[PDB]
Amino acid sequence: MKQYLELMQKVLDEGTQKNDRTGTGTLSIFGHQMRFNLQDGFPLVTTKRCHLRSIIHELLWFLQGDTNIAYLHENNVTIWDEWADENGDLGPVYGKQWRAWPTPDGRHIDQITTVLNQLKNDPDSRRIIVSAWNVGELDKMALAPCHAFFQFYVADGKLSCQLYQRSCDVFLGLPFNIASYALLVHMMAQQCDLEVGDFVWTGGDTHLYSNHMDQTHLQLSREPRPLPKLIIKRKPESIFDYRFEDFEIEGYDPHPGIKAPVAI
């Protein structure tokens, strides 16, 4: 996508060499924002083939409040394997915080349900937020939440959403993060009878790993193809009842995939 390729180029041009937790090394910039008008098409990277199966199942997995990779394995999705323990657990990551944020007084808060109620009863609220950054449980998490905080907004019958991603692996992670959230917006909009608005992506430490340079140069030589259309065949009873089969991406003709090692 145009916005995506411009960001890659921006990092190569303005990125500062920086060491990182994985010991891989990166070219990094801090603070970037881009916007995707969901009405223009589904923001799925076309300059390289993205594995839809992984993207979709990861989101449904988050929505189930699941943090054990079992569900993913049942569906042949292995994207989280390297961080799970012997029992396949990742700790109280995304799913757990979204569906059951533990309070100091023993209660559990379902942020998704709360969000649905706010969208349906108070669309003008400036507090329609979901946060995975649970300070009191970070030490139990296998990997601190990258996409950590998002907010919904409703204007002119359209639903928008802004995601704050503290750390962004531009080559491997970003394509997944963008598509994933664009999907959630469509789902939320469907459940709330709203049109899709904009997906605003805001990043903190946005970087390209040193061992993704050839991949990056290769991808930058490609021309972006028309964005596909997302078709949701059915309207489930709730946001928690979607199935992989309910989604259709029409007209997705990407360039060939590009393999790149993941920094653990």
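Here the rigid core means the biggest group of C-alpha atoms that line up within 1.5 Å when the two forms are laid on top of each other. Residue numbers run from 1 along the displayed sequence.
Choosing between 22-30 and 58-66, the greater Cα displacement from the shown form in 4 other deposited structures of this protein, fitted by the core, goes with 22-30.
Mean CA B-factor, 165-173 versus 83-91: the higher value falls on 83-91. Just going by the entry, 215-223 versus 48-56 on mean CA temperature factor gives the higher value to 215-223. Among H73, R127, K96, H147, the highest C-alpha B-factor recorded in the PDB entry belongs to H73. For the set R35, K233, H32, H207, the PDB entry assigns the largest Cα B-factor to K233.
When all modelled residues of the chain are sorted by CA temperature factor, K120 is found within the middle third. Among the modelled residues of its chain, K10 has a C-alpha B-factor that falls in the middle third according to the deposited record.
When all modelled residues of the chain are sorted by CA temperature factor, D110 is found within the lowest third. Split the chain's modelled residues into thirds by C-alpha temperature factor. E237 is in the highest one. In the deposited entry, the Cα temperature factor of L194 places it in the middle third of its chain's modelled residues.
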